[PDB]
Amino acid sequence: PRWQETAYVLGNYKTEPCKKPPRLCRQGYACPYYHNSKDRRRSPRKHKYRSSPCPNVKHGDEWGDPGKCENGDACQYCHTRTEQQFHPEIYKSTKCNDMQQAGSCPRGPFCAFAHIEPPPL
């Protein structure tokens, strides 16, 4: 429901699974629900984990299967890129480059980077 506000994105983005499994979903940032394990995000309200990647999952530059961390959902490290990008300490912390260049961002309300200060009224 409240996807248009950043506070809700923070609390809920890819916390839950997409109703529709067909390929109609662009299967990425455009859908606020998760489609696989590598897309999944533990809600930071239920699970307290650090911004840093779990090295049992992230080997170098590749995010791998989050299973194969023997810690499971109790791991105090991020298990997916989504978990990191939308971490309370990471989210909107850095200027969105696409917005700074073009004046528009394709990821829109699901960009994990900062856009421009909105006016209040």
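Residue positions are given as counts along the sequence shown, with the first one as 1.
Comparing 20 to 28 with 99 to 107, which stretch shows the greater average C-alpha B-factor in the deposited entry? In the deposited entry, the stretch with the higher C-alpha B-factor mean is 20 to 28.
Averaging CA B factors per stretch from the PDB record, which one is higher: 83 to 91 or 59 to 67? The recorded data point to 59 to 67.
Using the B-factors in the PDB entry, rank residue 119's C-alpha atom against the chain and give the third, lowest, middle or highest. Its C-alpha B-factor belongs to the middle third of this chain's values.
C-alpha B factor of residue 52, ranked within the chain: lowest, middle or highest third? According to the entry, residue 52 has a C-alpha B-factor in the chain's lowest third.
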